[PDB]
Each structure stands twice: as structure tokens, then as C-alpha cells.
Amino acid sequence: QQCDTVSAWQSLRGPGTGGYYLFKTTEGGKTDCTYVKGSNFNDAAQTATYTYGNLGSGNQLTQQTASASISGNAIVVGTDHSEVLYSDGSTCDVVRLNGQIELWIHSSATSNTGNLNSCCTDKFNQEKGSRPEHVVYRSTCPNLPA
């Protein structure tokens, strides 16, 4: 019931393999197959390399890298501070960034998007209020870089 979230670092790192697709967001105009993928995890410093992007041309994911870090209860990539609203550290995250509510899903969770952690879906549904949602992930998205 309490749906106790993991820490921002535990969210960022996740299972420590694979990556995350943006599943739902309040933000319109988002490019299909938006994703992030962490690597080079430094548990002591709570830093990682992020590779991120979305669907580009030629049915290929774009890739750009950045240092990811933690500030308070936010995952920091460039100037973006994504505040962790709920994460299980395993399969899904709900974050707030630039006013938007975002539900991210691990690559392992993409085949059953109707059976996600109830804590994630409840948090997303509560926090979006009356704002329309947008679905960004589709099954035909390419696999993540690696």
C-alpha cells in the first residue's frame, strides 16, 4: 500500500543492465522510442554514463552521451533534473521533468505494458491529474544500443 520508492540512484541504476523506454508522458510532440540507458555505474559517486535518444532516420535509434548524476531526489543529465516520484529500481520509474509527468519502463518490461508495477501506474495516474497522456513506446521500437 505504501508503495515505498527506491532512491534516485537506485532508480538511475535500475537492474544495472538494459535500459529504459519512455512509455507514457504528459508531454505532446515526443519522438517515438525515446530511451535512456545507463553504463559505467559508479556506486560511490552515484554517477553513470547515459546514452539517450529516440527514433531517428533509417529505423535507427539516435545516440548521444552525457554524464548522469544525482542531486537530492533527482536524476541529473545536463540541465535536466528528473525528480523521482516513484521507482522500483527494477522495472519502472515515474518522474517529473520540466513540469511533465513521465512513466519509464525497463527493456525487460516492454512485452507486458498492461501489467506494470501497480505502484508505477498508480503514481503516474495520480500525478498527471486531468492532463492528457501520450504513449511514446511501441513494440516496433529498435532494441537499445549495446
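The numbering used is simple: start at 1 and walk along the sequence shown.
**Student:** Higher mean Cα B-factor in the deposited model: 52 to 60 or 82 to 90?
**Tutor:** That would be 52 to 60.
**Student:** What stretch has the higher average Cα B-factor here, 34 to 42 or 106 to 114?
**Tutor:** Going by the record's values, the stretch with the higher mean is 106 to 114.
**Student:** Where does the C-alpha B-factor of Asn98 rank in its chain, lowest, middle or highest third?
**Tutor:** Its C-alpha B-factor belongs to the highest third of this chain's values.
**Student:** Quick check on the deposited entry: does the C-alpha B-factor of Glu133 sit in the lowest, middle or highest third of its chain?
**Tutor:** It falls in the top third of the chain.
**Student:** Would the CA B-factor of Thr26 place it in the lowest, middle or highest third of its chain?
**Tutor:** Answer is lowest: the recorded C-alpha B-factor places it there.
**Student:** Where does the C-alpha B-factor of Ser67 rank in its chain, lowest, middle or highest third?
**Tutor:** Highest third.
**Student:** Of the three thirds of its chain by CA temperature factor, lowest, middle or highest, which one includes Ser11?
**Tutor:** Its C-alpha B-factor, which the entry lists for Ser11, ranks in the lowest third among residues of this chain.
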